Amino acid sequence: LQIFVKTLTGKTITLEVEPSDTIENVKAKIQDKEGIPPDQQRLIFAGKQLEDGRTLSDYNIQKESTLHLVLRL
């Protein structure tokens with residue numbers, strides 16, 4: 001599976017994700033490609049702010065789905 005994460009910059013980053021990956025696993029993938037501690041990350045999917053511990057499949061995030069990243073303080 002691959003998904004896109006939109007930054008505040010506008011710049012788009014593809015992410016290789018397993019379908020059962022938790023939102024932490026996603027934040028820690030972004031920790032890798034950008035370098036933003038998961039605690040400063042806030043991810044959004046169709047307006048729903050996604051929660052650590054639930055998985056991509058719990059929120060029905062699928063191939064080529066877009067998450068919007070925004071920061072926390």
# chains A, B, ... in the order shown; residues from 1 in each chain; ligands from 1
$ residues_around --residues "residue 52 (chain A)" --least-positions-apart "4" --cutoff "9 Å" --atoms "only C-alpha atoms" --output "PyMOL selection string"
chain A and resi 22-25+27
$ write_last_selection --atoms "C-alpha atoms" --output "short mmCIF file (atom, residue, chain, number, x, y, z; two decimals), in the first residue's frame"
data_model
loop_
_atom_site.label_atom_id
_atom_site.label_comp_id
_atom_site.auth_asym_id
_atom_site.auth_seq_id
_atom_site.Cartn_x
_atom_site.Cartn_y
_atom_site.Cartn_z
CA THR A 22 -1.15 2.11 13.38
CA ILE A 23 -1.19 5.90 13.22
CA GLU A 24 2.05 5.79 15.37
CA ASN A 25 3.66 3.67 12.69
CA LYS A 27 3.95 9.24 12.46
#
$ residues_around --residues "residue 38 (chain A)" --least-positions-apart "4" --cutoff "12 Å" --atoms "only C-alpha atoms" --output "count of residues only"
19
$ closest_residue --among "A:6, A:35, A:21, A:41" --to "residue 73 (chain A)" --atoms "only C-alpha atoms"
A:41
$ select_by_dssp --residues "chain A" --states "alpha helix (DSSP H)" --output "VMD selection string"
chain A and resid 23 to 33
$ residues_around --residues "residue 13 (chain A)" --least-positions-apart "5" --cutoff "9 Å" --atoms "only C-alpha atoms" --output "list in words"
residues 3, 4, 5, 6, 7 and 33 of chain A
$ closest_residue --among "A:19, A:8, A:36, A:68" --to "residue 50 (chain A)" --atoms "only C-alpha atoms"
A:68
$ atom_distance --atom1 "CA of residue 64 (chain A)" --atom2 "CA of residue 39 (chain A)"
24.6 Å
$ select_by_dssp --residues "chain A" --states "strand (DSSP E)" --output "PyMOL selection string"
chain A and resi 2-6+12-16+41-45+48-49+66-71
$ atom_distance --atom1 "CA of residue 56 (chain A)" --atom2 "CA of residue 9 (chain A)"
23.6 Å
$ atom_distance --atom1 "CA of residue 20 (chain A)" --atom2 "CA of residue 54 (chain A)"
9.0 Å
